[PDB]
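Q: Starting off with a structure, shown below.
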2 protein chains.
Amino acid sequence: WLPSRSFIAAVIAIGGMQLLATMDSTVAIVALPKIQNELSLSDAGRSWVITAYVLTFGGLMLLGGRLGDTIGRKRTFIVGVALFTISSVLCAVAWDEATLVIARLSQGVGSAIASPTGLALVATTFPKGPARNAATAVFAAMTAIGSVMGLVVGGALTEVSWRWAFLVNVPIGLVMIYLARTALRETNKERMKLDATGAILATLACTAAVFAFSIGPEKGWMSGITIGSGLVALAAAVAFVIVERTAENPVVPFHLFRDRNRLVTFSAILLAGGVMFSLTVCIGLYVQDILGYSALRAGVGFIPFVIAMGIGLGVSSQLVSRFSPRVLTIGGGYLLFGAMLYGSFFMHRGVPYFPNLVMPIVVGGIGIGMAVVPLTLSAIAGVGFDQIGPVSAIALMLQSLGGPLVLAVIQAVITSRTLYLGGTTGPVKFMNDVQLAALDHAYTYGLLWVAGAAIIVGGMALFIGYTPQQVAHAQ
Amino acid sequence: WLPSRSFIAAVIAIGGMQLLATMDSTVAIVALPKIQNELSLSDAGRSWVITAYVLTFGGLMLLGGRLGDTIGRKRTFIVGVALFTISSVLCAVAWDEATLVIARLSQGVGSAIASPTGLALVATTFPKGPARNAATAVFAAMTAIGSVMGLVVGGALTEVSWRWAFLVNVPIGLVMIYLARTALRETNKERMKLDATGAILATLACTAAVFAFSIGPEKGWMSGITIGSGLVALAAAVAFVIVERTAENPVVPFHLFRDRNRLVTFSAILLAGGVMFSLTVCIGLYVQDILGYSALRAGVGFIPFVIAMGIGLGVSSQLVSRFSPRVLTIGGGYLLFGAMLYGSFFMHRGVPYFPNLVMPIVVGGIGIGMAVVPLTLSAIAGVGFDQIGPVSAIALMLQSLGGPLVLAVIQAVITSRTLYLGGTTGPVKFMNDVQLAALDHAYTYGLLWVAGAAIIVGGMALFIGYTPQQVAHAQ
């Protein structure tokens with residue numbers, strides 16, 4: 001009951017990077033048509049506004065884990081959050097496309113520097129036990145709050161110019177910078193050297209892969225640019241693995257993943273992050289298009305998801321010292337699957353909110369909160385303090401990577417169902433009522449596909465052999 | 001509220017055959033070691049006691065559907081139940097192995113004559129609507145009551161000689177004979193001829209297949225007897241299909257199954273009956289062996305399953321006129337899967353009853369009762385009165401056939417897990433405590449496998465395109 005102020009400040013500072021990242025992503029997604037309208041950007045700039053951030057967020061994310069070890073976890077977190085804040089400041093004053101792209105790239109750089117550092121700090125600054133469970137719950141809860149708050153802020157700021165939607169990341173960024181500066185304590189000055197070769201190779205591979213994936217849609221999958229980026233990404237990844245095989249300080253520890261528990265946990269983390277991102281994007285798009293809700297309405301309707309997710313995360317953090325990681329993930333997934341089944345069966349255009357939309361969201365939020373804590377608690381387990389950083393970076397990178405992968409499949413299925421039901425393709429304002437029920441039925445079919453994906457996640461998580469003695473039982 | 005006495009008598013008379021069949025099966029399974037002890041039967045006679053009944057129950061079941069059409073549904077039901085009652089009478093006075101085998105064979109003949117006739121009577125004697133829904137609920141509920149009452153009767157009669165356990169089928173048989181004689185009304189005397197060739201071929205094929213499946217275990221899968229029986233069964237089935245292709249009065253209508261809805265419904269019926277039988281056998285064996293409960297204790301502990309299943313069947317029969325067959329089956333399966341997950345995770349030797357065994361049982365019973373009504377309601381739908389009989393016979397045969405198929409896989413998995421955990425094979429009394437926890441963990445693993453099977457059942461039932469307008473909406 002009301003823990004020490006230092007602990008609360010520490011956990012809030014650690015989760016602040018996740019909050020800022022998801023807040024900025026949601027705000028950009030909301031404000032992007034306004035950005036296009038004002039700056040007179042084409043579809044190229046429209047895609048670039050998000051691609052520039054995602055490129056540098058995914059490319060340099062594997063570097064931050066070792067960066068926090070070679071310079072200092074608190075120092076790297078401070079640097080990353082300060083870079084993100086300054087980048088948002090310069091983004092909210094952009095006057096052309098190049099300035100906006102540069103600002104988004106630098107925001108991605110800061111986020112990639114600071115987020116795996118926070119995931120590693122969760123395990124580093126708190127010994128195993130209730131402290132780590134509370135830190136994990138705060139981490140995930142503040143990720144959810146960041147997403148929903150970004151949606152709300154974008155919806156509220158839609159009327160005025162979009163330049164005010166990016167200045168919101170400045171006060172929060174400064175607040176979390178101060179919190180991480182005062183709350184956190186620097187550990188022993190046991191600085192150790194970093195292998196530049198592995199870091200450069202991993203950064204190049206991840207950046208090229210992200211560039212290929214993002215440029216596919218717009219520039220054609222069969223074009224030369226995307227295939228060249230994919231080829232250089234694959235070559236860089238192969239060379240990076242080759243160097244890590246004989247690396248004296250592994251940026252990615254390949255001997256750790258020989259464990260069945262760790263490998264199963266990370267695979268479940270990837271596919272569960274994919275399911276979560278697919279759910280978020282699909283529910284947001286459904287509420288915006290079919291239900292006719294504005295962005296502010298969508299955010300104030302998704303606030304109950306944040307409440308339920310916080311409840312579930314607290315409950316899971318309480319029972320993670322009694323019940324296994326396998327049991328807790330399967331129980332949360334069961335709740336989420338029930339909510340998703342109800343949403344797929346009894347959701348059409350014109351449904352109320354209280355009974356039809358709030359309940360499926362609250363049950364799903366409780367299930368997701370119950371399933372998140374054991375997963376990310378098993379991710380950071382049984383590793384040294386000079387070696388937790390890479391594990392946290394890999395876990396966060398897998399969680400962020402799984403999202404678009406499953407989302408592409410779900411959106412392809414939804415579009416195919418829309419076209420087969422007789423619904424045209426394009427903005428939802430052009431299509432009339434006969435083409436709007438087809439979109440709703442396609443969205444329900446996509447929810448069914450997400451349900452199948454969640455079943456796969458649970459079948460995979462059945463094999464997590466971790467026991468609560470080595471997750472939340474200290475010494 | 002309290003419908004007409006004629007309707008209640010009719011539905012009870014129709015479900016009486018199912019009640020008698022499951023009651024006799026459970027009683028024989030319970031009393032079989034006593035039968036072996038008294039009559040000094042070897043393992044051959046031990047297997048024969050059940051094989052003789054199952055052979056004639058499975059062989060002649062496809063014949064009863066057309067038999068009720070060529071002679072009369074009420075007349076065939078009366079004949080079948082009377083044969084079953086007289087056969088039980090002669091079984092309870094057996095003095096050697098041959099008499100017991102003959103009695104079991106004649107009991108199987110009566111059951112195969114009378115049960116598909118009852119399934120057809122459910123759809124024939126009641127027009128589409130609430131009457132058929134209530135008849136379906138009574139059918140399934142009385143099947144469950146028959147099973148649990150047979151377990152209870154066997155447990156109570158275990159102390160005295162086994163000859164009193166088979167006389168219990170006489171008063172119930174006579175009661176249901178009288179109920180079907182007075183309650184039911186004979187329809188128009190529109191008797192039509194029966195093709196002897198198709199009936200003989202189907203009976204021979206089914207009998208030979210059942211003989212092969214039952215003699216495999218005991219006489220070796222690779223022996224000549226089982227392979228010969230399988231070959232003659234396959235040849236008879238092929239010839240039967242060939243004759244039905246050009247049959248003037250199809251015993252099995254092969255043109256009906258061109259429908260996607262009917263084919264999906266019957267496949268789901270087969271696999272769901274398999275899941276149900278696997279659940280029943282595995283839970284009974286677990287309660288008997290690991291928990292150390294006697295047969296009477298097992299029956300009085302499974303009575304709550306009957307109560308919950310009746311509740312679920314009533315609920316499903318109420319909502320089958322509002323919600324689709326797909327939605328209702330998936331909702332019942334969700335409840336059953338939650339109960340089965342809890343049973344697989346939190347069930348070990350020495351668990352209490354009230355909290356650990358009664359709850360999962362109740363939730364699973366509610367789910368099964370909710371899922372049964374839409375399935376067997378979609379089975380008997382969109383067929384003429386001169387043609388419903390074959391459909392009912394095929395549905396019941398698939399439901400009874402799926403059981404042992406899945407049960408063999410589940411038991412093989414359980415035995416493999418027991419041997420891999422270090423548990424010996426044989427009677428549970430010989431193995432000590434170190435070999436008793438292995439059996440419990442193997443049973444939990446088998447429950448997980450049954451959970452996967454139920455997931456498959458639900459994925460298959462997602463495709464049932466039937467709408468409540470053509471299931472429970474009369475004219």
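In the structure tokens, each chain is lettered A, B, ... as it comes, each chain's residues begin at 1, and ligands are numbered from 1 in order of appearance.
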Using 12 Å as the limit and counting only C-alpha atoms, can you tabulate each residue of segment 204-315 of chain A that touches segment 22-25 of chain A, with its shortest atom-to-atom distance in Å and the two atoms involved, as CSV?

A:
```
residue,atom,partner,partner_atom,distance
A:277,CA,A:22,CA,11.3
A:280,CA,A:22,CA,11.6
A:281,CA,A:25,CA,11.8
A:299,CA,A:23,CA,11.8
```

Q: Output C-alpha atoms for every residue in that selection, as an mmCIF file, in the first residue's frame.

A:
```cif
data_model
loop_
_atom_site.group_PDB
_atom_site.id
_atom_site.type_symbol
_atom_site.label_atom_id
_atom_site.label_comp_id
_atom_site.auth_asym_id
_atom_site.auth_seq_id
_atom_site.Cartn_x
_atom_site.Cartn_y
_atom_site.Cartn_z
ATOM 1 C CA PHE A 277 -0.897 -5.020 -32.406
ATOM 2 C CA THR A 280 -5.250 -2.652 -31.516
ATOM 3 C CA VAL A 281 -5.073 -1.557 -35.159
ATOM 4 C CA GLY A 299 -9.888 7.267 -27.158
#
```

Q: Give me the chain B side of the contact with chain A, cut-off 12 Å, one line per residue showing its nearest atom pair and distance in Å at one decimal, counting only C-alpha atoms, sorted by chain and residue number, as a tab-separated table.

A:
```
residue	atom	partner	partner_atom	distance
B:323	CA	A:345	CA	10.1
B:324	CA	A:345	CA	10.1
B:326	CA	A:345	CA	9.8
B:327	CA	A:345	CA	7.2
B:328	CA	A:345	CA	10.6
B:330	CA	A:341	CA	8.7
B:331	CA	A:341	CA	8.7
B:332	CA	A:338	CA	11.5
B:333	CA	A:338	CA	11.0
B:334	CA	A:338	CA	7.4
B:335	CA	A:338	CA	9.4
B:336	CA	A:334	CA	11.9
B:337	CA	A:334	CA	9.1
B:338	CA	A:334	CA	7.4
B:339	CA	A:334	CA	11.1
B:340	CA	A:334	CA	11.8
B:341	CA	A:330	CA	8.7
B:342	CA	A:331	CA	9.1
B:343	CA	A:327	CA	11.9
B:344	CA	A:327	CA	10.2
B:345	CA	A:327	CA	7.2
B:346	CA	A:327	CA	9.5
B:445	CA	A:462	CA	11.3
B:448	CA	A:462	CA	9.8
B:449	CA	A:459	CA	11.2
B:451	CA	A:459	CA	10.7
B:452	CA	A:459	CA	8.9
B:455	CA	A:455	CA	8.9
B:456	CA	A:455	CA	11.1
B:458	CA	A:452	CA	11.2
B:459	CA	A:452	CA	9.0
B:462	CA	A:448	CA	9.9
```

Q: Closest to residue 146 of chain A among A:30, A:306, A:183, A:231, using only C-alpha atoms?

A: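 Going through A:30, A:306, A:183, A:231 one by one, the smallest distance to residue 146 of chain A is for A:306.
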
Q: Which one is closest to residue 380 of chain B: B:357, B:222, B:27, B:269? Count only C-alpha atoms.

A: B:269

Q: Could you check the closest approach to residue 473 of chain B for each of B:368, B:360, B:377, B:31 and tell me which residue wins, using only C-alpha atoms?

A: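 Residue with the minimum atom-to-atom distance to residue 473 of chain B: B:377.
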
Q: With a distance cut-off of 8 Å and only C-alpha atoms, select the neighbouring residues of residue 108 of chain A, excluding the residue or stretch itself and same-chain residues fewer than 4 positions from it, and output the selection as a PDB file with N, CA, C and O atoms, in the first residue's frame.

A:
```pdb
ATOM      1  N   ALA A  52       9.919   6.918 -41.551  1.00  0.00           N
ATOM      2  CA  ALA A  52      11.151   7.509 -41.041  1.00  0.00           C
ATOM      3  C   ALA A  52      11.343   7.195 -39.563  1.00  0.00           C
ATOM      4  O   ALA A  52      12.463   6.914 -39.122  1.00  0.00           O
ATOM      5  N   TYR A  53      10.263   7.236 -38.782  1.00  0.00           N
ATOM      6  CA  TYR A  53      10.368   6.889 -37.369  1.00  0.00           C
ATOM      7  C   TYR A  53      10.601   5.395 -37.188  1.00  0.00           C
ATOM      8  O   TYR A  53      11.458   4.983 -36.397  1.00  0.00           O
ATOM      9  N   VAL A  54       9.842   4.569 -37.913  1.00  0.00           N
ATOM     10  CA  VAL A  54       9.917   3.126 -37.708  1.00  0.00           C
ATOM     11  C   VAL A  54      11.286   2.594 -38.123  1.00  0.00           C
ATOM     12  O   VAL A  54      11.831   1.682 -37.487  1.00  0.00           O
ATOM     13  N   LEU A  55      11.876   3.174 -39.172  1.00  0.00           N
ATOM     14  CA  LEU A  55      13.187   2.740 -39.643  1.00  0.00           C
ATOM     15  C   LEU A  55      14.231   2.845 -38.543  1.00  0.00           C
ATOM     16  O   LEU A  55      14.915   1.866 -38.222  1.00  0.00           O
ATOM     17  N   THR A  56      14.362   4.028 -37.947  1.00  0.00           N
ATOM     18  CA  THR A  56      15.373   4.235 -36.922  1.00  0.00           C
ATOM     19  C   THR A  56      14.966   3.662 -35.574  1.00  0.00           C
ATOM     20  O   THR A  56      15.831   3.477 -34.712  1.00  0.00           O
ATOM     21  N   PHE A  57      13.679   3.375 -35.365  1.00  0.00           N
ATOM     22  CA  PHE A  57      13.295   2.685 -34.141  1.00  0.00           C
ATOM     23  C   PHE A  57      13.657   1.207 -34.199  1.00  0.00           C
ATOM     24  O   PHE A  57      14.081   0.629 -33.194  1.00  0.00           O
ATOM     25  N   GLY A  58      13.495   0.579 -35.361  1.00  0.00           N
ATOM     26  CA  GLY A  58      13.797  -0.831 -35.493  1.00  0.00           C
ATOM     27  C   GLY A  58      15.258  -1.118 -35.769  1.00  0.00           C
ATOM     28  O   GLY A  58      15.778  -2.162 -35.363  1.00  0.00           O
ATOM     29  N   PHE A  84      14.663  11.987 -27.918  1.00  0.00           N
ATOM     30  CA  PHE A  84      13.269  11.899 -28.346  1.00  0.00           C
ATOM     31  C   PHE A  84      12.535  13.216 -28.113  1.00  0.00           C
ATOM     32  O   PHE A  84      11.765  13.666 -28.971  1.00  0.00           O
ATOM     33  N   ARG A 104      11.400  12.725 -37.694  1.00  0.00           N
ATOM     34  CA  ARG A 104      10.905  11.385 -37.399  1.00  0.00           C
ATOM     35  C   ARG A 104      12.050  10.386 -37.284  1.00  0.00           C
ATOM     36  O   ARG A 104      12.026   9.503 -36.418  1.00  0.00           O
ATOM     37  N   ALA A 112      14.771   4.040 -30.116  1.00  0.00           N
ATOM     38  CA  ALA A 112      15.541   2.804 -30.167  1.00  0.00           C
ATOM     39  C   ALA A 112      16.669   2.805 -29.147  1.00  0.00           C
ATOM     40  O   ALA A 112      17.044   1.742 -28.641  1.00  0.00           O
TER      41      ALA A 112
END
```

Q: Quick one: residues within 10 Å of segment 34-51 of chain A, only C-alpha atoms, excluding same-chain residues fewer than 5 positions away - as a PDB file with N, CA, C and O atoms, in the first residue's frame?

A:
```pdb
ATOM      1  N   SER A  25       3.448   7.491 -31.722  1.00  0.00           N
ATOM      2  CA  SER A  25       2.980   6.707 -32.861  1.00  0.00           C
ATOM      3  C   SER A  25       1.492   6.933 -33.108  1.00  0.00           C
ATOM      4  O   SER A  25       1.071   7.204 -34.241  1.00  0.00           O
ATOM      5  N   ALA A  28       0.823  10.524 -34.432  1.00  0.00           N
ATOM      6  CA  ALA A  28       1.165  10.663 -35.845  1.00  0.00           C
ATOM      7  C   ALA A  28       0.131   9.983 -36.734  1.00  0.00           C
ATOM      8  O   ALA A  28      -0.277  10.538 -37.764  1.00  0.00           O
ATOM      9  N   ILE A  29      -0.305   8.778 -36.353  1.00  0.00           N
ATOM     10  CA  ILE A  29      -1.317   8.080 -37.145  1.00  0.00           C
ATOM     11  C   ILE A  29      -2.598   8.900 -37.207  1.00  0.00           C
ATOM     12  O   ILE A  29      -3.242   8.996 -38.260  1.00  0.00           O
ATOM     13  N   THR A  56      14.362   4.028 -37.947  1.00  0.00           N
ATOM     14  CA  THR A  56      15.373   4.235 -36.922  1.00  0.00           C
ATOM     15  C   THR A  56      14.966   3.662 -35.574  1.00  0.00           C
ATOM     16  O   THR A  56      15.831   3.477 -34.712  1.00  0.00           O
ATOM     17  N   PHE A  57      13.679   3.375 -35.365  1.00  0.00           N
ATOM     18  CA  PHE A  57      13.295   2.685 -34.141  1.00  0.00           C
ATOM     19  C   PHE A  57      13.657   1.207 -34.199  1.00  0.00           C
ATOM     20  O   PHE A  57      14.081   0.629 -33.194  1.00  0.00           O
ATOM     21  N   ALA A  94       8.405  21.791 -38.091  1.00  0.00           N
ATOM     22  CA  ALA A  94       8.821  21.460 -39.447  1.00  0.00           C
ATOM     23  C   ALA A  94       8.076  22.313 -40.465  1.00  0.00           C
ATOM     24  O   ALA A  94       6.888  22.611 -40.302  1.00  0.00           O
ATOM     25  N   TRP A  95       8.783  22.707 -41.524  1.00  0.00           N
ATOM     26  CA  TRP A  95       8.218  23.552 -42.565  1.00  0.00           C
ATOM     27  C   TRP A  95       8.130  22.877 -43.927  1.00  0.00           C
ATOM     28  O   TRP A  95       7.519  23.449 -44.836  1.00  0.00           O
ATOM     29  N   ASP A  96       8.716  21.696 -44.099  1.00  0.00           N
ATOM     30  CA  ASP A  96       8.649  20.978 -45.365  1.00  0.00           C
ATOM     31  C   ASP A  96       8.703  19.483 -45.073  1.00  0.00           C
ATOM     32  O   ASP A  96       8.640  19.056 -43.917  1.00  0.00           O
ATOM     33  N   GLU A  97       8.819  18.682 -46.133  1.00  0.00           N
ATOM     34  CA  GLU A  97       8.842  17.233 -45.975  1.00  0.00           C
ATOM     35  C   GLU A  97      10.177  16.745 -45.426  1.00  0.00           C
ATOM     36  O   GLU A  97      10.212  15.824 -44.601  1.00  0.00           O
ATOM     37  N   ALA A  98      11.282  17.343 -45.875  1.00  0.00           N
ATOM     38  CA  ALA A  98      12.601  16.891 -45.441  1.00  0.00           C
ATOM     39  C   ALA A  98      12.793  17.087 -43.943  1.00  0.00           C
ATOM     40  O   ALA A  98      13.336  16.211 -43.260  1.00  0.00           O
ATOM     41  N   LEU A 100      10.439  17.209 -41.622  1.00  0.00           N
ATOM     42  CA  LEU A 100       9.599  16.241 -40.924  1.00  0.00           C
ATOM     43  C   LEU A 100      10.221  14.850 -40.951  1.00  0.00           C
ATOM     44  O   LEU A 100      10.198  14.133 -39.944  1.00  0.00           O
ATOM     45  N   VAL A 101      10.784  14.454 -42.094  1.00  0.00           N
ATOM     46  CA  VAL A 101      11.405  13.136 -42.197  1.00  0.00           C
ATOM     47  C   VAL A 101      12.625  13.047 -41.288  1.00  0.00           C
ATOM     48  O   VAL A 101      12.836  12.037 -40.606  1.00  0.00           O
ATOM     49  N   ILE A 102      13.442  14.104 -41.256  1.00  0.00           N
ATOM     50  CA  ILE A 102      14.613  14.119 -40.381  1.00  0.00           C
ATOM     51  C   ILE A 102      14.187  14.035 -38.922  1.00  0.00           C
ATOM     52  O   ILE A 102      14.788  13.306 -38.120  1.00  0.00           O
ATOM     53  N   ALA A 103      13.143  14.780 -38.553  1.00  0.00           N
ATOM     54  CA  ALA A 103      12.657  14.754 -37.179  1.00  0.00           C
ATOM     55  C   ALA A 103      12.146  13.374 -36.797  1.00  0.00           C
ATOM     56  O   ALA A 103      12.413  12.891 -35.692  1.00  0.00           O
ATOM     57  N   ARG A 104      11.400  12.725 -37.694  1.00  0.00           N
ATOM     58  CA  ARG A 104      10.905  11.385 -37.399  1.00  0.00           C
ATOM     59  C   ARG A 104      12.050  10.386 -37.284  1.00  0.00           C
ATOM     60  O   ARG A 104      12.026   9.503 -36.418  1.00  0.00           O
ATOM     61  N   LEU A 105      13.068  10.514 -38.140  1.00  0.00           N
ATOM     62  CA  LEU A 105      14.226   9.631 -38.048  1.00  0.00           C
ATOM     63  C   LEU A 105      14.943   9.803 -36.715  1.00  0.00           C
ATOM     64  O   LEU A 105      15.338   8.820 -36.079  1.00  0.00           O
ATOM     65  N   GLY A 108      12.966   8.241 -33.965  1.00  0.00           N
ATOM     66  CA  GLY A 108      13.181   6.804 -33.961  1.00  0.00           C
ATOM     67  C   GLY A 108      14.521   6.422 -33.363  1.00  0.00           C
ATOM     68  O   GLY A 108      14.629   5.423 -32.649  1.00  0.00           O
ATOM     69  N   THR A 158      -7.264  17.534 -33.078  1.00  0.00           N
ATOM     70  CA  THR A 158      -7.552  17.458 -34.508  1.00  0.00           C
ATOM     71  C   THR A 158      -8.049  18.787 -35.071  1.00  0.00           C
ATOM     72  O   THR A 158      -7.706  19.143 -36.203  1.00  0.00           O
ATOM     73  N   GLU A 159      -8.851  19.531 -34.306  1.00  0.00           N
ATOM     74  CA  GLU A 159      -9.439  20.762 -34.829  1.00  0.00           C
ATOM     75  C   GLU A 159      -8.367  21.795 -35.164  1.00  0.00           C
ATOM     76  O   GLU A 159      -8.379  22.390 -36.248  1.00  0.00           O
ATOM     77  N   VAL A 160      -7.432  22.020 -34.244  1.00  0.00           N
ATOM     78  CA  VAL A 160      -6.355  22.981 -34.456  1.00  0.00           C
ATOM     79  C   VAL A 160      -5.255  22.325 -35.279  1.00  0.00           C
ATOM     80  O   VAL A 160      -5.308  21.121 -35.555  1.00  0.00           O
ATOM     81  N   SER A 161      -4.267  23.118 -35.693  1.00  0.00           N
ATOM     82  CA  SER A 161      -3.181  22.617 -36.524  1.00  0.00           C
ATOM     83  C   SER A 161      -2.474  21.436 -35.864  1.00  0.00           C
ATOM     84  O   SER A 161      -2.453  21.297 -34.638  1.00  0.00           O
ATOM     85  N   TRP A 162      -1.887  20.580 -36.704  1.00  0.00           N
ATOM     86  CA  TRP A 162      -1.223  19.374 -36.224  1.00  0.00           C
ATOM     87  C   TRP A 162       0.081  19.672 -35.500  1.00  0.00           C
ATOM     88  O   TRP A 162       0.604  18.791 -34.809  1.00  0.00           O
ATOM     89  N   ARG A 163       0.620  20.883 -35.647  1.00  0.00           N
ATOM     90  CA  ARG A 163       1.887  21.218 -35.009  1.00  0.00           C
ATOM     91  C   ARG A 163       1.793  21.201 -33.490  1.00  0.00           C
ATOM     92  O   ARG A 163       2.821  21.079 -32.818  1.00  0.00           O
ATOM     93  N   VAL A 210      13.612  -3.278 -42.282  1.00  0.00           N
ATOM     94  CA  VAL A 210      12.474  -2.392 -42.050  1.00  0.00           C
ATOM     95  C   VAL A 210      12.186  -1.557 -43.292  1.00  0.00           C
ATOM     96  O   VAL A 210      11.024  -1.352 -43.665  1.00  0.00           O
ATOM     97  N   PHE A 211      13.238  -1.066 -43.952  1.00  0.00           N
ATOM     98  CA  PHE A 211      13.055  -0.295 -45.177  1.00  0.00           C
ATOM     99  C   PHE A 211      12.368  -1.124 -46.251  1.00  0.00           C
ATOM    100  O   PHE A 211      11.448  -0.644 -46.921  1.00  0.00           O
ATOM    101  N   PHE A 213      10.410  -3.807 -45.827  1.00  0.00           N
ATOM    102  CA  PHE A 213       9.032  -4.099 -45.445  1.00  0.00           C
ATOM    103  C   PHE A 213       8.134  -2.881 -45.625  1.00  0.00           C
ATOM    104  O   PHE A 213       6.981  -3.009 -46.052  1.00  0.00           O
ATOM    105  N   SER A 214       8.642  -1.690 -45.304  1.00  0.00           N
ATOM    106  CA  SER A 214       7.823  -0.488 -45.406  1.00  0.00           C
ATOM    107  C   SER A 214       7.676  -0.003 -46.841  1.00  0.00           C
ATOM    108  O   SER A 214       6.642   0.576 -47.190  1.00  0.00           O
ATOM    109  N   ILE A 215       8.690  -0.220 -47.687  1.00  0.00           N
ATOM    110  CA  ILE A 215       8.625   0.236 -49.072  1.00  0.00           C
ATOM    111  C   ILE A 215       7.946  -0.770 -49.991  1.00  0.00           C
ATOM    112  O   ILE A 215       7.615  -0.420 -51.134  1.00  0.00           O
ATOM    113  N   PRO A 217       4.721  -2.335 -49.797  1.00  0.00           N
ATOM    114  CA  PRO A 217       3.386  -1.823 -50.102  1.00  0.00           C
ATOM    115  C   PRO A 217       3.318  -0.728 -51.155  1.00  0.00           C
ATOM    116  O   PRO A 217       2.575  -0.845 -52.136  1.00  0.00           O
ATOM    117  N   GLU A 218       4.090   0.341 -50.959  1.00  0.00           N
ATOM    118  CA  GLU A 218       3.937   1.527 -51.795  1.00  0.00           C
ATOM    119  C   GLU A 218       4.669   1.395 -53.126  1.00  0.00           C
ATOM    120  O   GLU A 218       4.132   1.785 -54.168  1.00  0.00           O
ATOM    121  N   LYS A 219       5.883   0.847 -53.118  1.00  0.00           N
ATOM    122  CA  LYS A 219       6.718   0.811 -54.311  1.00  0.00           C
ATOM    123  C   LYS A 219       6.686  -0.536 -55.021  1.00  0.00           C
ATOM    124  O   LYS A 219       7.516  -0.780 -55.902  1.00  0.00           O
TER     125      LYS A 219
END
```

Q: Using Å and a single decimal, report how far atom CA of residue 118 of chain B sits from atom CA of residue 295 of chain B.

A: 29.3 Å

Q: Residue 287 of chain A: which residues within 10 Å, counting only C-alpha atoms, same-chain residues fewer than 5 positions away excluded, as a ChimeraX atom specification?

A: /A:282,292-295,297-299,301-302,349,357

Q: Produce a file of the selected residues containing N, CA and C atoms, as a PDB file, in the first residue's frame.

A:
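Result file out-v5.pdb:
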```pdb
ATOM      1  N   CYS A 282      -6.879  -3.131 -35.656  1.00  0.00           N
ATOM      2  CA  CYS A 282      -8.165  -3.504 -36.233  1.00  0.00           C
ATOM      3  C   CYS A 282      -9.325  -2.896 -35.457  1.00  0.00           C
ATOM      4  N   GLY A 292     -18.350   5.093 -36.928  1.00  0.00           N
ATOM      5  CA  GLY A 292     -18.438   6.522 -37.143  1.00  0.00           C
ATOM      6  C   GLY A 292     -17.982   7.375 -35.983  1.00  0.00           C
ATOM      7  N   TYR A 293     -17.110   6.853 -35.126  1.00  0.00           N
ATOM      8  CA  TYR A 293     -16.608   7.603 -33.985  1.00  0.00           C
ATOM      9  C   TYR A 293     -15.375   8.401 -34.382  1.00  0.00           C
ATOM     10  N   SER A 294     -15.270   9.614 -33.848  1.00  0.00           N
ATOM     11  CA  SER A 294     -14.075  10.415 -34.047  1.00  0.00           C
ATOM     12  C   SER A 294     -12.922   9.851 -33.220  1.00  0.00           C
ATOM     13  N   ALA A 295     -11.734  10.423 -33.419  1.00  0.00           N
ATOM     14  CA  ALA A 295     -10.557   9.932 -32.707  1.00  0.00           C
ATOM     15  C   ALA A 295     -10.676  10.166 -31.205  1.00  0.00           C
ATOM     16  N   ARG A 297     -13.516  10.351 -29.565  1.00  0.00           N
ATOM     17  CA  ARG A 297     -14.504   9.374 -29.124  1.00  0.00           C
ATOM     18  C   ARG A 297     -13.887   7.987 -29.003  1.00  0.00           C
ATOM     19  N   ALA A 298     -13.031   7.612 -29.955  1.00  0.00           N
ATOM     20  CA  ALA A 298     -12.366   6.316 -29.879  1.00  0.00           C
ATOM     21  C   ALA A 298     -11.477   6.224 -28.645  1.00  0.00           C
ATOM     22  N   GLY A 299     -10.746   7.295 -28.334  1.00  0.00           N
ATOM     23  CA  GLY A 299      -9.888   7.267 -27.158  1.00  0.00           C
ATOM     24  C   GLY A 299     -10.666   7.189 -25.858  1.00  0.00           C
ATOM     25  N   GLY A 301     -13.515   5.942 -25.539  1.00  0.00           N
ATOM     26  CA  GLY A 301     -14.099   4.615 -25.479  1.00  0.00           C
ATOM     27  C   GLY A 301     -13.107   3.510 -25.192  1.00  0.00           C
ATOM     28  N   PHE A 302     -11.830   3.730 -25.499  1.00  0.00           N
ATOM     29  CA  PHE A 302     -10.786   2.755 -25.215  1.00  0.00           C
ATOM     30  C   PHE A 302     -10.144   2.944 -23.847  1.00  0.00           C
ATOM     31  N   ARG A 349     -22.696  -2.776 -37.482  1.00  0.00           N
ATOM     32  CA  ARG A 349     -22.871  -1.331 -37.528  1.00  0.00           C
ATOM     33  C   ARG A 349     -24.112  -0.922 -36.745  1.00  0.00           C
ATOM     34  N   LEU A 357     -19.688  -2.894 -26.974  1.00  0.00           N
ATOM     35  CA  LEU A 357     -18.289  -2.550 -27.209  1.00  0.00           C
ATOM     36  C   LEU A 357     -17.460  -2.495 -25.931  1.00  0.00           C
TER      37      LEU A 357
END
```
